[PDB]
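A short worksheet on the structure shown next.
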Ligand SMILES: N[C@@H](CCC(=O)N[C@@H](CS)C(=O)NCC(=O)O)C(=O)O
Ligand SMILES: N[C@@H](CCC(=O)N[C@@H](CS)C(=O)NCC(=O)O)C(=O)O
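Protein chains in written order, with the numbering used here: chain H, 8 to 227; chain R, 26 to 246.
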């Protein structure tokens with residue numbers, strides 16, 4: 008009755024929120040918004056989110072948007088501790104960096120870049136820098152995982168949620184050589200062990216990979 | 026004395042950090058990293074920041090990168106209050122939204138898309154889509170400024186610093202029509218009133234506009 012989440016399961020940033028919600032044991036209502044139908048462009052949605060993105064969170068009449076902002080909000084307001092978003096400045100700085108990296112280098116530049124050409128402008132072949140963008144994403148994330156079980160240190164954080172949500176979706180554009188990237192493979196698999204992963208993230212990953220596999224789209 | 030900032034003045038995210046450092050009246054060493062000469066790819070810097078971006082900040086032997094993580098770190102650790110990065114969760118959620126907006130929508134998609142092409146890979150004309158991303162940026166920020174003086178509520182925050190460093194640099198690509206965009210026009214003017222703005226952001230905004238001028242590069246229609 009308090010929290011309502013807007014979005015759809017193929018969206019990576021929507022799946023970052025689903026995970027965090029599940030992780031905090033917060034009951035919530037889920038309202039679909041059909042992006043394909045352009046439901047986000049309606050002035051009722053606009054009212055909730057001038058930026059017309061998903062996810063949006065409504066809490067008790069307040070609207071919060073941007074998956075990174077939403078999940079930071081959720082932890083800071085509703086967690087029992089700061090385990091998922093530690094308040095120690097150095098630890099926090101690593102988490103914040105990984106979040107901001109997801110927003111820019113991973114999401115806007117790697118996913119949405121491609122998603123707009125294919126899914127919204129029918130475009131059928133894609134420039135090779137779109138390909139190279141992903142490879143560089145894998146390389147960075149492989150490097151970020153050196154010496155540690157989780158993406159921002161030695162404990163699970165919202166940064167794991169944000170980056171797994173999109174990095175796992177990258178399979179849709181370029182499969183993951185797990186022998187070139189054994190740390191990304193282990194990390195994904197360790198998170199797949201979470202009891203809520205399959206519903207929050209797993210199914211929407213596979214859905215997104217199949218939405219793209221159907222476009223038959225090509226690089227270069 | 027304590028802090029060192031690696032970067033160069035024409036870079037929008039370096040200037041978000043410069044603005045913050047100045048607003049907190051923090052002293053720091055400023056080390057030039059020449060990305061034209063690819064100095065970020067040296068062993069030295071890679072060890073400091075594996076993503077090899079500017080800015081990087083060094084504090085007490087620790088390396089923080091990403092302008093947004095840096096400026097949040099600085100306020101949270103050095104400010105006399107949270108005015109620049111309020112802790113109230115609702116107020117925090119707006120500032121954090123704007124910041125992530127800056128990282129993805131403005132910087133990665135608006136600026137580095139072009140800059141990488143035009144300056145590093147010497148391309149001389151760039152797609153219509155890069156023009157439209159920038160119109161879309163201006164429209165958004167115009168709406169975000171509705172009914173308030175600052176980008177994230179009605180107090181100066183690190184969201185102002187982050188977005189002004191980038192939004193002011195967009196003049197390099199598309200000049201700002203203040204008949205369409207009076208709120209942005211006015212938000213920039215109000216930030217220009219800060220005694221520290223000229224050194225922290227204003228000059229480097231002009232150097233970047235100039236560097237892009239010199240490329241004579243063109244948008245496709
Ligand atoms: N980085 C943002 C991205 C939001 C985003 O671009 N979402 C897409 C879905 S993949 C969307 O709503 N697109 C429709 C639109 O922008 O109008 C976040 O983390 O929330
Ligand atoms: N959104 C990031 C942007 C970082 C970034 O891409 N910086 C550029 C300078 S404009 C850079 O270091 N380029 C050199 C490289 O990536 O190798 C931030 O706020 O720190």
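Using N, Cα and C, we set each Cβ at its ideal position, and we do this for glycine too.
Going by beta-carbon coordinates alone, are residue i and residue j separated by less than 9 Å?
{"i": "residue 233(R)", "j": "residue 194(R)", "result": "yes"}
{"i": "residue 191(R)", "j": "residue 136(R)", "result": "yes"}
{"i": "residue 27(H)", "j": "residue 91(H)", "result": "yes"}
{"i": "residue 99(R)", "j": "residue 82(R)", "result": "yes"}
{"i": "residue 66(H)", "j": "residue 94(H)", "result": "no"}
{"i": "residue 227(R)", "j": "residue 217(R)", "result": "yes"}
{"i": "residue 159(R)", "j": "residue 199(R)", "result": "yes"}
{"i": "residue 57(R)", "j": "residue 32(R)", "result": "yes"}
{"i": "residue 79(H)", "j": "residue 207(H)", "result": "no"}
{"i": "residue 36(H)", "j": "residue 61(H)", "result": "no"}
{"i": "residue 141(R)", "j": "residue 57(H)", "result": "no"}
Tell me the residue span of the beta strand (DSSP E) that contains residue i.
{"i": "residue 71(H)", "result": "69-72"}
{"i": "residue 66(H)", "result": "63-66"}
Using only CA atoms, which one of the options lies nearest to residue i?
{"i": "residue 245(R)", "options": "141(R), 153(R), 92(R), 104(R)", "result": "153(R)"}
{"i": "residue 157(R)", "options": "172(R), 139(R), 169(R)", "result": "139(R)"}
{"i": "residue 225(H)", "options": "185(H), 111(H), 179(H)", "result": "179(H)"}
{"i": "residue 241(R)", "options": "48(R), 143(R), 55(R)", "result": "143(R)"}
{"i": "residue 130(R)", "options": "59(H), 156(H), 68(H), 16(H)", "result": "59(H)"}
{"i": "residue 161(R)", "options": "50(R), 134(R), 34(R)", "result": "134(R)"}
{"i": "residue 68(H)", "options": "115(R), 212(R), 178(R), 32(R)", "result": "115(R)"}
{"i": "residue 222(R)", "options": "43(R), 201(R), 68(R), 62(R)", "result": "43(R)"}
{"i": "residue 177(R)", "options": "150(R), 215(R), 117(R)", "result": "117(R)"}
{"i": "residue 147(R)", "options": "213(R), 88(R), 155(R), 61(R)", "result": "61(R)"}
{"i": "residue 29(R)", "options": "73(R), 64(R), 68(R), 104(R)", "result": "73(R)"}
{"i": "residue 175(R)", "options": "151(R), 201(R), 215(R)", "result": "215(R)"}
{"i": "residue 220(H)", "options": "195(H), 137(H), 131(H), 169(H)", "result": "131(H)"}
{"i": "residue 187(R)", "options": "128(R), 63(R), 64(R)", "result": "128(R)"}
{"i": "residue 120(R)", "options": "203(R), 155(R), 179(R), 105(R)", "result": "179(R)"}
{"i": "residue 145(H)", "options": "87(H), 49(H), 127(H), 185(H)", "result": "185(H)"}
Starting from residue i, trace the alpha helix (DSSP H) both ways and give me its first and last residue.
{"i": "residue 32(R)", "result": "That residue, residue 32(R), is in no alpha helix (DSSP H); its beta strand (DSSP E) goes 28-32."}
{"i": "residue 230(R)", "result": "228-240"}
{"i": "residue 174(H)", "result": "165-174"}
{"i": "residue 38(H)", "result": "That residue, residue 38(H), is in no alpha helix (DSSP H); its beta strand (DSSP E) goes 36-39."}
{"i": "residue 59(H)", "result": "Note, residue 59(H): premise wrong, no alpha helix (DSSP H); not H, not E."}
{"i": "residue 203(R)", "result": "Premise fails: residue 203(R) is in no alpha helix (DSSP H) and is neither H nor E."}
For residue i, is the beta carbon positioned less than 8 Å from some heavy atom of ligand 4?
{"i": "residue 166(H)", "result": "Looking for ligand 4 in the displayed structure turns up nothing; the ligands present are ligand 1 and ligand 2."}
Practice task
Collect the residues with a C-beta less than 6 Å away from any heavy atom of ligand 2 and give them in sequence order along the chain.
Solution key: 111(H), 36(R), 38(R), 60(R), 65(R), 77(R), 78(R), 79(R), 80(R), 91(R), 92(R), 93(R), 128(R), 132(R), 137(R)
Exercise for the section: Would you be able to state if there are at least three C-beta pairs under 8 Å between the segment 113-127 of chain R and the segment 179-186 of chain R? Expected result: yes
Practice task
For the segment 62-74 of chain H and the segment 17-31 of chain H, state whether three or more C-beta atom pairs, one from each stretch, are separated by less than 8 Å.
Solution key: yes
Handout entry: Contact the segment 149-161 of chain H vs the segment 185-198 of chain H: 3+ CB pairs below 8 Å
Key = Judged by Cβ distances under 8 Å, the segment 149-161 of chain H makes contact with the segment 185-198 of chain H, as three or more pairs qualify.
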